[PDB]
Amino acid sequence: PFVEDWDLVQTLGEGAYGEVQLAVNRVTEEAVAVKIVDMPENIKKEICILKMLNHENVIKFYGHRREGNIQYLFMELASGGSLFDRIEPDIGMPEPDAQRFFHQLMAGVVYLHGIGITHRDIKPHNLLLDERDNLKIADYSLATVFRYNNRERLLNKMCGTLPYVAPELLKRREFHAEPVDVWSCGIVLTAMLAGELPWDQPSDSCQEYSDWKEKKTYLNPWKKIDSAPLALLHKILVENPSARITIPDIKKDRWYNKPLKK
Ligand SMILES: O[C@H]1COC[C@H]1N1CC[C@@H](c2cc3nc(Nc4cnn([C@@H]5CC5(F)F)c4Cl)ncc3cc2Cl)[C@H](F)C1
């Protein structure tokens, strides 16, 4: 297969709508990523959000081409794969790599939130790495505008991935967008430091969630995590979205600013 100047070489993954393919320019040899969407209002909205994005920790958009019923979303290629593939199951990764990926994830989320966009599905699968190991937030098919004209809009739509969603999505009809993204960055932090997800969903039924709320850090995955990053996780993984830590105050946390090496 091929599109105009680009040759479709290898499948990079699949989602709810589409498949991402690696495309090499036949003339200039330049390699990019292309989302190949089949078949209406969500694709018009996704393209709109994509053109607004311009940050070193956010996947860069190039343009789109329509060929009948198939669209082609040309995005920046992250040659390093995903952050998911860097997390060793039950171990995670070295603390200085987790801290560095976390600083870059915060930079991207501060950026998105500043332009009034919420990603709504932050997870290691959506966090891609470039050749120099730089984190990029990818996949804006669930992304939405939470701030327009300096006016905040509360969300009501259920979306994301259950182990990563904040508890207010399950228990509230309307909720703020920014604390939902912060919660998922805390589950990503946990995954990087323990190589394991704490619960299946942050609901009443979940015993693992109930045990976290009781400050039983003597259980997994919390016992795998050191006292400095675990104190940050205690501030991010708070059930009350209004009591939860904000990104400006995460930037002031002790582990966040702790010099780490190797
Ligand atoms: O994993 C699924 C399920 O949950 C999320 C979804 N994912 C979202 C990201 C999406 C994606 C893939 C990309 N992959 C790359 N590069 C990539 C991925 N794997 N690899 C190869 C593993 C390797 F590095 F060799 C490369 Cl290169 N670059 C841009 C991309 C843009 C996007 Cl939008 C990818 F196709 C689909």
Side-chain angles (χ1 to χ4, degrees), residues 83-84 87-93 95 98-99 101-103 105-106 109-110 112-113 118-127 137 142 146 152 154-258:
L83 179 78
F84 181 79
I87 304 172
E88 193 177 334
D90 210 59
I91 293 290
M93 76 181 60
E95 224 187 86
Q99 198 204 43
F101 286 141
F102 195 70
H103 287 150
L105 173 55
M106 290 294 100
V109 171
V110 162
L112 293 182
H113 291 178
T118 171
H119 182 281
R120 302 210 285 182
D121 198 20
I122 297 151
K123 65 189 177 189
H125 282 110
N126 285 302
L127 308 173
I137 310 173
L142 302 188
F146 75 90
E152 176 173 357
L154 290 182
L155 310 172
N156 50 41
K157 195 211 139 225
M158 295 285 283
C159 73
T161 307
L162 279 172
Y164 301 94
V165 266
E168 63 262 23
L169 263 86
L170 306 172
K171 301 139 210 187
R172 272 141 84 139
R173 198 173 65 113
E174 270 175 58
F175 42 85
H176 294 279
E178 292 164 312
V180 165
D181 275 3
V182 165
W183 177 279
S184 44
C185 294
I187 308 297
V188 165
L189 186 51
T190 307
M192 291 194 290
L193 298 174
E196 185 207 328
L197 295 176
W199 44 71
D200 313 293
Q201 53 182 84
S203 61
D204 299 27
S205 62
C206 217
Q207 195 58 234
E208 303 92 53
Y209 186 48
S210 304
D211 291 330
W212 163 257
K213 277 192 293 203
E214 287 175 75
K215 307 204 193 166
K216 298 186 183 170
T217 66
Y218 71 82
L219 279 197
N220 269 347
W222 319 108
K223 50 183 192 183
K224 286 147 158 203
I225 310 175
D226 185 73
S227 95
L230 183 71
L232 173 56
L233 287 162
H234 264 108
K235 300 179 259 166
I236 303 174
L237 303 171
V238 167
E239 199 175 14
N240 195 4
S242 54
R244 196 170 304 151
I245 193 161
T246 67
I247 308 174
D249 293 339
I250 291 173
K251 286 155 165 177
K252 292 166 200 158
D253 164 87
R254 188 237 319 186
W255 180 76
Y256 192 93
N257 295 295
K258 185 176 167 176

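For the numbers below, each heavy atom of this structure counts, side chains included, while hydrogens, waters and symmetry mates do not. We count residues from 1, following the sequence as given.
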With heavy-atom distances below 4.5 Å as the criterion, would you say the side chains of [X] and [Y] are in contact?
{"X": "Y164", "Y": "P124", "answer": "yes"}
{"X": "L83", "Y": "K123", "answer": "no"}
{"X": "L162", "Y": "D200", "answer": "no"}
{"X": "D181", "Y": "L112", "answer": "no"}

Using modelled atom types only, decide if a donor and an acceptor are shared between the side chain of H103 and the backbone of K251 within a distance under 3.5 Å.
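No: the side chain of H103 does not pair with the backbone of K251.
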
Are the side chain of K224 and the backbone N or O of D90 linked by a donor-acceptor pair below 3.5 Å?
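A pair under 3.5 Å: yes.
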
Test side-chain contact (heavy atoms from CB on, under 4.5 Å) on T217 and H234; report intermediate values, then the result.
CA-CA 10 Å; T217 66; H234 264 108; 3.5 Å; yes

Begin with the C-alpha distance, continue with both residues' side-chain angles, and end with the deciding distance and a verdict on side-chain contact (heavy atoms from CB on, under 4.5 Å) for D249 and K235.
CA-CA 10 Å; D249 293 339; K235 300 179 259 166; over 6 Å; no

Taking all heavy atoms of [X] and all of [Y], pick out the closest pair and write down the distance.
{"X": "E208", "Y": "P198", "value": "CB-O, 3.3 Å"}
{"X": "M192", "Y": "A98", "value": "CE-O, 3.6 Å"}
{"X": "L142", "Y": "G160", "value": "CD1-N, 3.9 Å"}
{"X": "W183", "Y": "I236", "value": "CE3-O, 3.8 Å"}
{"X": "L169", "Y": "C159", "value": "CD2-O, 3.4 Å"}
{"X": "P202", "Y": "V165", "value": "CG-O, 3.0 Å"}

Return the [atom1] to [atom2] distance between [X] and [Y], rounded to the nearest 0.5 Å.
{"X": "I137", "Y": "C185", "atom1": "CD1", "atom2": "SG", "result": "7.0 Å"}
{"X": "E214", "Y": "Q207", "atom1": "CD", "atom2": "CD", "result": "7.5 Å"}
{"X": "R254", "Y": "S227", "atom1": "CZ", "atom2": "OG", "result": "5.0 Å"}
{"X": "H125", "Y": "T161", "atom1": "NE2", "atom2": "OG1", "result": "9.0 Å"}
{"X": "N156", "Y": "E174", "atom1": "CG", "atom2": "CD", "result": "5.5 Å"}
{"X": "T190", "Y": "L230", "atom1": "OG1", "atom2": "CG", "result": "8.5 Å"}

Among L189, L232, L233, exactly one meets side-chain contact (heavy atoms from CB on, under 4.5 Å) together with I225. Which residue is that?
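The residue from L189, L232, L233 that satisfies side-chain contact (heavy atoms from CB on, under 4.5 Å) with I225 turns out to be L233.
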
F146 and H176: ring pair (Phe, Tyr, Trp, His ring centres under 6.0 Å), yes or no, with the steps?
CA-CA 8 Å; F146 75 90; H176 294 279; 9.4 Å; no

For atom NZ of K157, is the number of surrounding heavy atoms from other residues, nucleotides or ligands below 6.0 Å larger than 12?
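Yes, the 6.0 Å shell around NZ holds more than 12 heavy atoms from other groups.
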
Any ion pair linking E95 and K258 (charged N to carboxylate O, less than 4.0 Å)?
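No, no charged N to carboxylate O under 4.0 Å.
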
Taking the inter-plane angle between the rings of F102 and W255 on a 0 to 90° scale, is it parallel (under 30°), tilted (30 to 60°) or perpendicular (over 60°)?
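Ring orientation, 0 to 90° scale: tilted.
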
Give me the ring orientation class for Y209 and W199: parallel if the planes are under 30° apart, tilted from 30 to 60°, perpendicular past 60°.
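Ring orientation, 0 to 90° scale: perpendicular.
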
Picking from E168, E178, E239, what satisfies side chain to side chain donor-acceptor pair (under 3.5 Å) with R244?
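For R244, the side chain to side chain donor-acceptor pair (under 3.5 Å) check succeeds only for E168.
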
For a side-chain contact (heavy atoms from CB on, under 4.5 Å) check, start with the C-alpha distance between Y218 and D211, then their side-chain angles and the critical distance, and finish with the verdict.
CA-CA 10 Å; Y218 71 82; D211 291 330; 5.8 Å; no

Are side-chain N/O atoms of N126 and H119 paired as donor and acceptor at under 3.5 Å?
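The criterion, which ignores hydrogens and geometry beyond distance, is not satisfied for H119 and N126.
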
Criterion side-chain contact (heavy atoms from CB on, under 4.5 Å) on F175 and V180, from CA distance to verdict:
CA-CA 8 Å; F175 42 85; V180 165; 4.0 Å; yes

